[PDB]
Every structure is written in C-alpha cells, then in structure tokens.
There are 2 protein chains.
Amino acid sequence: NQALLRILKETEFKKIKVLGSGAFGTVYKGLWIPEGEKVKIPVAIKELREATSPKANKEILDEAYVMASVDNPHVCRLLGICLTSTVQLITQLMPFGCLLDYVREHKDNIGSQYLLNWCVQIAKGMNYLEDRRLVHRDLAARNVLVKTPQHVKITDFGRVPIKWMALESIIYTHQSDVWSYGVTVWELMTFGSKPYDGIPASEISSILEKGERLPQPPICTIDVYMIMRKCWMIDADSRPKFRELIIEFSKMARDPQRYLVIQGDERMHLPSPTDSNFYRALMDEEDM
Amino acid sequence: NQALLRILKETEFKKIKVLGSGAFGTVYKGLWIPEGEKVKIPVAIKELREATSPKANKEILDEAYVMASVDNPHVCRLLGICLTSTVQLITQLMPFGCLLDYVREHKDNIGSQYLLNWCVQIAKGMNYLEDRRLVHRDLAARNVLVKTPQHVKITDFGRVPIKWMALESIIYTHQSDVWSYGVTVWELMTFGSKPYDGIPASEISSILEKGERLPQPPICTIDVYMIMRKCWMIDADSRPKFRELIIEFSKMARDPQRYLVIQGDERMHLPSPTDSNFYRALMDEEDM
Ligand SMILES: CN1CCC(c2ccc(-c3ccc4c(c3)C(=O)N([C@@H](C(=O)Nc3nccs3)c3cc(F)ccc3O)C4)cc2)CC1
Ligand SMILES: CN1CCC(c2ccc(-c3ccc4c(c3)C(=O)N([C@@H](C(=O)Nc3nccs3)c3cc(F)ccc3O)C4)cc2)CC1
Ligand SMILES: Nc1ncnc2c1ncn2[C@@H]1O[C@H](COP(=O)(O)OP(=O)(O)NP(=O)(O)O)[C@@H](O)[C@H]1O
Ligand SMILES: Nc1ncnc2c1ncn2[C@@H]1O[C@H](COP(=O)(O)OP(=O)(O)NP(=O)(O)O)[C@@H](O)[C@H]1O
Ligand SMILES: [Mg+2]
Ligand SMILES: [Mg+2]
C-alpha cells in the first residue's frame, strides 16, 4: 500500500526537456538516477504550477497513494513524488505521447481496427476505475497516453474541461465519466477535432439543455453514433455503463469495417503478431 | 512462433552510440522509429563483425527464432533482426549494463542479499534454458544483464571463453553450463575479479587436470565455496543441477549474512517495497 508511491529526493532525478503543460502543471521528460548507480532512467515528471505547504502536502499524499494503487493494463499508475516547494509527480514516460496528438498526426494511417480497439481499451480502464470507485473527472483524448500504438492507458484521473463534462457536472459520478468517454470517442472518430469548436465555454451548458450534441463524425455508422449519443443523455442513469461499453465496442472490433467507414481501411491495418511481440518486449512487457 | 522475431528494415532504426564489443560483434544503443510514427524507441543493437551471405542467413534465422522464443523473467529474449551485409540483432536495451561491470562499479555498496538473489536469478534462468533444452555455451558475469539492480537476466546464449568453460568443453551440455555458472558466481563474490588472472588461456586445461580451481573469495563461507567447487567437478554428472542450485541459493538468501561475510553488510541492504514498486513500473513491468 504505502510501498506503492516512492518518495524521491531532488538529487536523484533531473528534468531535462519540457513536453507540455496543462492548467495544473508542466510535464517534463526526466532522468531518474538511482543512488549509487551510474545509469539514467527516463521518466515523466509533472511539476505543479502551484507551490504548496507542508499541511497541503498531506492532502496531496492522501490522494497520491490511491493513484499509486491502480493495477490495470489500461490505467496509468502514479509512481513517485518529490515534495519540493512546487510538488513534482513521477510516472512512466510514454514516448508516443497522448492519444489526441497521436491521432491528429496519424489521421491518414489510422484504420477502423485501431480506432475501435482504442475505444475498448479506454472503456476497460474506465470500468476498472469504477470498480475501484474512482471517478476520473477529466477524461479526454489528451489524457489517454499511448504506450504503444496497440496499447493505450488512461492518465491524470482522480484529481475546468467544460466541453468534456456532463451537464450535471457543469456532480461527478461514474456516469458523468461516461459522458466524458463519449466526448473522448468523438475526438478519436474525428481524428482529433476540437469539440464545440468556436463556442465559448460559458455557453455550452445552454446548448446542451436545448438538446444539441456533438455531430456524427463522418466515419461513424449509426451504430457508433447511437452509442456516443447515449453517453450524452441528460439522465445520468440512462447512460450506458462502462461494463456495457466494453461489450459493444468489442463486438464492433471483431467486424470493424462494418461499423467504421474509413477511406483506405483495407490498407490501414493492425500489426502482425510478429510486430506486436517486438513492440511489447521492447516497451510493453505488461501481460495483456 | 515465427511471430516472435521481427524482421526490420534499415530505414526504421538507427545506431546512435556504441556501448561495447565482443569477439562476435559490436553493441550499440539504438533508436527504433516505427513506420509512420514520430517517436524514437531506445533499443540495443548487436551488429556482427562478420558480413554474411543469404544462405548463411538461413543458419542465423534458424537459431534466431529459437532465441526469440524464450519466455522467462530471468532470460533475455531476442526480439528482432535486420539482415544487412553484416547482420544486426535487436533486443531490449538494459541501461544498467552487464552484471560484471555493475558489480565492479558498486563493489563498495553491494550486500549479501543482492549477491545471493543474483545467484538465484541466474540459476532460475539457467534452469529455464535447460528445460527448453538450450545450452548456454557462454555464461559469464558479462553476459548477465541488469534490468534493475533487483532483476537480472541472462543474455547471448545458444550461439572461446576458456576460463569459463568446463574441462570437457576445452562437449557442451547443461552440466558444462553448471561449470560456467560456478565461474559466474565466483566473479560476483569477487566483485568482478578476472578468473585465472595472468595465466594464458592455452594452459588452463592443464591446471584444471592437476586439480587447481578458483580460490575461495574472501566474503564466502565454506557453504558457498563448497557449491562453487561442486560446479567444477571433472565428472559432469556429479555436478549439481540448476534445479538444485536454485534451492540452495534460495535457502541462503533467506539468511544472507549467515552465508556471506561482507564488511558493512548491515548498511548495504535491499530496496523497501516502496523502491521496488517504483523500479518495476518505470522499467520492469514483468510479473515476477
Ligand atoms: C493547491 N491547493 C492545495 C493542494 C490541493 C492538491 C490536491 C491533490 C494534488 C494531486 C495529487 C496526486 C496527483 C495529482 C494531483 C495529478 O495530477 N496526478 C497525475 C500525474 O502526476 N501525471 C503526470 N504526468 C507526467 C509526470 S506525472 C496522475 C498520474 C497517474 F499515473 C495516475 C493518476 C494521476 O492523477 C497525480 C495536488 C494538489 C489542491 C488545492
Ligand atoms: C559466420 N559463419 C556463418 C554464419 C553462422 C552464424 C550462426 C548464428 C548467428 C546468431 C543468431 C542469433 C543470435 C546470435 C547469433 C547472438 O549473438 N544473439 C544474442 C544478441 O543478439 N545480443 C545483443 N546485444 C545487443 C543487441 S542484440 C542473443 C540475445 C538474446 F536476447 C537472447 C539470446 C541471444 O543469443 C542472437 C550468427 C552467425 C556462423 C559462422
Ligand atoms: N507519461 C507521459 N509520458 C509522456 N508524455 C506525457 C505523459 N503524461 C503526460 N504527457 C504529455 O505531457 C503534456 C502535458 O500534459 P498535462 O500536464 O496533463 O496537460 P494535458 O493533459 O494536455 N491537460 P490536463 O491533463 O487535463 O491538465 C501533454 O502533451 C501530454 O501528452
Ligand atoms: N541489452 C543490452 N543492453 C545494454 N547493454 C548491453 C546489452 N547487451 C549487451 N550489452 C553490453 O554491450 C557490450 C558488448 O556486449 P557483447 O558484444 O555481448 O560483448 P561481451 O558480452 O562483453 N562478450 P560476449 O557477449 O561473450 O561476446 C557489453 O558491455 C554488454 O554489457
Ligand atoms: Mg494530462
Ligand atoms: Mg554479451
């Protein structure tokens, strides 16, 4: 339990390159140098843009131990922490970056089988988080990291993203996460489009009350767009459960081209078991 | 089966830094760039110092598929290959380097619990290789790679190292590997000493026939030096099996200071479950 979150010294890791920033901190690629060792281990380091107090660190630690406790192939685990003036959090470095940026830069080489499997994997991770009774509160294509193209994990859970929140959050339940899951799915199926592009956030809750939802992405059949609309029902309990989302997106993943119309989908593919085994043993030794 | 050894193009990986060389090839740290992807994945690349023919590549591939087929936490798996004029082999990059260099550079911070566990892990991997009916033929502290300080794996098996070979090899059986295991153990317990230092290789088989073995390392009790001597029996079948080596070195690992006398052993230690979990999730996601 307590053994799941390593407390680090400043002197045993170094931030070497910035990777990006959110409205909570800045993310660096970093090197972890174990005491007495001559090696340099690449890590990801989030340093909060908000310097803290020692009593406030008691809040941070109380949640950090929980996020260090997740054990699921499609959920990122918080690994370490260094409680400087500004707190730094450490996790596994994902060289493929987030899924949002990934789809935007590969939108012309992304097939139906990859898209659909990603929706399954993200759902498995949300279903795990629900079984641990952890509400994500910030699910987005930006907070889905790519370990390998075949393997995605969910990050930055358990901590406003108005365009991703349920109407009752603009209340955070697992059913409110289901909403954010639908928005994440829409981001993938639109190859990274910005939801409600150009509409100011202060006015999203208005358009949701009048019945407007995100439009059907061009590559979605009705079976896929039905699911996304169901995630955006005003009644939270009427939304589909994550356990069900797994079942339906797995069904569609065994016949992908039936449920996603993508130009050049017979050229786009999935890696031969030859390429997957080479992927996993180099970067992704997790079971799966 | 065939899906366990990825064939690579030249254009999808690059050698960026040399790491060392043996009398068979040169090892580089390399970057694997997946087709269509914008990331750079660190790998290890062995390029043979011997340019080959296409029919000779049929030999190489026939063995490479076997080495790509090992599934054991303490055995390195061959992952890929690029069959240029000089063949390049690819495997997971171990930033901690080999165990030989590791012990030499940490000899003043290495305790009995680490040394003994390493002997267990190396034995587990040799016991696996015996169960797959693969003779190592070049077991040494140089060919034991450090994934993390707590986790070592055996490399470069299944391909002369006179000072590591059994007398009947100077015949390669699993019992001849047991000999090389004893020599590997002696290398660790001597914090990286060179076996038979200063004695020319052409004259090692002579000294072995007259009964000379490696000396008892200063930190070994008799129980440990008894095992090492048993690995060097002239009768191969009289040597202990790897299955037994596991049992005896595990026994000694539950009471390490009873079997290894190391100055400052109460200061040297093992990482708290806090530090191990941080190690594994960053670098070593294998089960164990
Ligand atoms: C300021 N005033 C006083 C103090 C209060 C406060 C309460 C809690 C935190 C806290 C604690 C723990 C975390 C986070 C935040 C967080 O953002 N965390 C991510 C994560 O670290 N991401 C990464 N990117 C790259 C490298 S590390 C994360 C990673 C992961 F693998 C799984 C879940 C997860 O949440 C972990 C901070 C401040 C707030 C109000
Ligand atoms: C020249 N004339 C004609 C041709 C004949 C020939 C026959 C077989 C090979 C062959 C095939 C396969 C391998 C090896 C050698 C080998 O050296 N291999 C290691 C390995 O690649 N190490 C690494 N270091 C860093 C990056 S890759 C290795 C790695 C591992 F993870 C597990 C086992 C293993 O053996 C694999 C070459 C030539 C010989 C005589
Ligand atoms: N483990 C990781 N490995 C590599 N890059 C990462 C990792 N975690 C986050 N990033 C990237 O670091 C950048 C900053 O992340 P972050 O601070 O979380 O902002 P954000 O995810 O875009 N918005 P938010 O997470 O909702 O605050 C993004 O481009 C992420 O993809
Ligand atoms: N996977 C790996 N990751 C990092 N370094 C490695 C890896 N495999 C080998 N090395 C290192 O690369 C260097 C060259 O290795 P190698 O070519 O095997 O020579 P050697 O092991 O010292 N002698 P030999 O293996 O018996 O031919 C050594 O310093 C090894 O520790
Ligand atoms: Mg993020
Ligand atoms: Mg070697």
# chains A, B, ... in the order shown; residues from 1 in each chain; ligands from 1
>>> closest_atom_pairs(of="chain B", to="chain A", cutoff="6 Å", atoms="only C-alpha atoms", output="tab-separated table")
residue	atom	partner	partner_atom	distance
B:3	CA	A:274	CA	3.6
B:4	CA	A:274	CA	5.5
B:6	CA	A:274	CA	5.4
B:39	CA	A:96	CA	5.8
B:79	CA	A:278	CA	5.6
B:92	CA	A:282	CA	5.1
B:96	CA	A:39	CA	5.8
B:273	CA	A:3	CA	5.1
B:274	CA	A:3	CA	3.6
B:275	CA	A:6	CA	5.9
B:277	CA	A:4	CA	5.8
B:278	CA	A:79	CA	5.6
B:282	CA	A:92	CA	5.1
B:285	CA	A:285	CA	5.6
B:286	CA	A:285	CA	5.7
>>> residues_near_ligand(ligand="ligand 4", cutoff="9 Å", atoms="only C-alpha atoms and all ligand atoms", output="PyMOL selection string")
chain B and resi 18-29+43-48+76+90-101+138-147+155-157+160-161
>>> residues_around(residues="residue 182 (chain B)", least_positions_apart="4", cutoff="9 Å", atoms="only C-alpha atoms", output="PDB file with N, CA, C and O atoms, in the first residue's frame")
ATOM      1  N   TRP B 164      36.048 -19.811 -18.607  1.00  0.00           N
ATOM      2  CA  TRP B 164      34.690 -20.090 -18.166  1.00  0.00           C
ATOM      3  C   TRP B 164      34.183 -21.458 -18.593  1.00  0.00           C
ATOM      4  O   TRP B 164      33.089 -21.854 -18.173  1.00  0.00           O
ATOM      5  N   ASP B 177      27.378 -25.975 -18.610  1.00  0.00           N
ATOM      6  CA  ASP B 177      26.898 -24.667 -18.189  1.00  0.00           C
ATOM      7  C   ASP B 177      27.016 -24.509 -16.676  1.00  0.00           C
ATOM      8  O   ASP B 177      27.403 -23.440 -16.187  1.00  0.00           O
ATOM      9  N   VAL B 178      26.725 -25.575 -15.919  1.00  0.00           N
ATOM     10  CA  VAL B 178      26.875 -25.537 -14.463  1.00  0.00           C
ATOM     11  C   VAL B 178      28.275 -25.078 -14.083  1.00  0.00           C
ATOM     12  O   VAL B 178      28.456 -24.283 -13.150  1.00  0.00           O
ATOM     13  N   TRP B 186      31.699 -17.008  -8.882  1.00  0.00           N
ATOM     14  CA  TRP B 186      32.994 -16.535  -8.408  1.00  0.00           C
ATOM     15  C   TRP B 186      33.251 -15.093  -8.836  1.00  0.00           C
ATOM     16  O   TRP B 186      33.840 -14.314  -8.079  1.00  0.00           O
ATOM     17  N   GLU B 187      32.813 -14.713 -10.039  1.00  0.00           N
ATOM     18  CA  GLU B 187      33.007 -13.336 -10.485  1.00  0.00           C
ATOM     19  C   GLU B 187      32.241 -12.359  -9.608  1.00  0.00           C
ATOM     20  O   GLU B 187      32.729 -11.262  -9.310  1.00  0.00           O
ATOM     21  N   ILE B 227      29.709 -25.087  -2.888  1.00  0.00           N
ATOM     22  CA  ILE B 227      28.867 -25.148  -4.076  1.00  0.00           C
ATOM     23  C   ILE B 227      29.693 -24.849  -5.320  1.00  0.00           C
ATOM     24  O   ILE B 227      29.642 -25.582  -6.313  1.00  0.00           O
ATOM     25  N   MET B 228      30.494 -23.783  -5.267  1.00  0.00           N
ATOM     26  CA  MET B 228      31.297 -23.394  -6.422  1.00  0.00           C
ATOM     27  C   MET B 228      32.279 -24.486  -6.815  1.00  0.00           C
ATOM     28  O   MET B 228      32.519 -24.719  -8.006  1.00  0.00           O
ATOM     29  N   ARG B 229      32.866 -25.161  -5.828  1.00  0.00           N
ATOM     30  CA  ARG B 229      33.763 -26.262  -6.148  1.00  0.00           C
ATOM     31  C   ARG B 229      32.997 -27.421  -6.766  1.00  0.00           C
ATOM     32  O   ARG B 229      33.511 -28.108  -7.656  1.00  0.00           O
ATOM     33  N   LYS B 230      31.763 -27.650  -6.317  1.00  0.00           N
ATOM     34  CA  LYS B 230      30.989 -28.757  -6.864  1.00  0.00           C
ATOM     35  C   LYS B 230      30.661 -28.534  -8.335  1.00  0.00           C
ATOM     36  O   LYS B 230      30.561 -29.503  -9.095  1.00  0.00           O
ATOM     37  N   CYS B 231      30.506 -27.273  -8.757  1.00  0.00           N
ATOM     38  CA  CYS B 231      30.273 -26.965 -10.168  1.00  0.00           C
ATOM     39  C   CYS B 231      31.475 -27.274 -11.038  1.00  0.00           C
ATOM     40  O   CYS B 231      31.343 -27.300 -12.266  1.00  0.00           O
ATOM     41  N   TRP B 232      32.649 -27.442 -10.436  1.00  0.00           N
ATOM     42  CA  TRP B 232      33.886 -27.615 -11.176  1.00  0.00           C
ATOM     43  C   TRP B 232      34.411 -29.040 -11.075  1.00  0.00           C
ATOM     44  O   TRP B 232      35.601 -29.276 -11.304  1.00  0.00           O
TER      45      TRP B 232
END
>>> atom_distance(atom1="CA of residue 123 (chain B)", atom2="CA of residue 245 (chain B)")
6.4 Å
>>> select_by_dssp(residues="region 21-226 of chain B", states="strand (DSSP E)", output="PyMOL selection string")
chain B and resi 21-22+25-32+41-48+80-83+87-91+144-148+151-154
>>> select_by_dssp(residues="region 82-217 of chain B", states="alpha helix (DSSP H)", output="PyMOL selection string")
chain B and resi 99-106+112-131+174-189+204-209
>>> atom_distance(atom1="CA of residue 267 (chain A)", atom2="CA of residue 192 (chain A)")
20.9 Å
>>> atom_distance(atom1="CA of residue 195 (chain A)", atom2="atom 5 (C, counted along the ligand's line) of ligand 1")
28.4 Å
>>> closest_residue(among="A:167, A:119, A:233, A:66", to="residue 189 (chain A)", atoms="only C-alpha atoms")
A:119
>>> residues_around(residues="region 58-63 of chain A", least_positions_apart="5", cutoff="10 Å", atoms="only C-alpha atoms", output="ChimeraX atom specification")
/A:5,7,52-53,68,81,83,87,158-159
>>> write_last_selection(atoms="C-alpha atoms", output="PDB file, in the first residue's frame")
ATOM      1  CA  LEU A   5       4.416   5.618  -4.048  1.00  0.00           C
ATOM      2  CA  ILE A   7       9.200   9.493  -2.237  1.00  0.00           C
ATOM      3  CA  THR A  52       2.443  24.190  -1.742  1.00  0.00           C
ATOM      4  CA  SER A  53       2.540  23.988   2.041  1.00  0.00           C
ATOM      5  CA  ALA A  68      -0.255   4.740  -6.949  1.00  0.00           C
ATOM      6  CA  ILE A  81       6.652  12.116  -5.835  1.00  0.00           C
ATOM      7  CA  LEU A  83       7.539  17.364  -2.413  1.00  0.00           C
ATOM      8  CA  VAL A  87       5.353  19.345  -5.975  1.00  0.00           C
ATOM      9  CA  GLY A 158      -8.859  11.312  -9.540  1.00  0.00           C
ATOM     10  CA  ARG A 159      -7.902  14.974  -9.209  1.00  0.00           C
TER      11      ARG A 159
END
>>> closest_residue(among="B:73, B:54, B:120, B:207", to="residue 244 (chain B)", atoms="only C-alpha atoms")
B:120
>>> closest_residue(among="A:269, A:163, A:213, A:137", to="residue 194 (chain A)", atoms="only C-alpha atoms")
A:163
>>> residues_around(residues="residue 115 (chain A)", least_positions_apart="2", cutoff="12 Å", atoms="only C-alpha atoms", output="ChimeraX atom specification")
/A:99-100,102-103,106-107,109-113,117-122,149-152,184-192,219-220,224,249-250,252-253,256-257,259-262,265,268-270
>>> closest_residue(among="A:153, A:71, A:201, A:193", to="ligand 5", atoms="only C-alpha atoms and all ligand atoms")
A:153
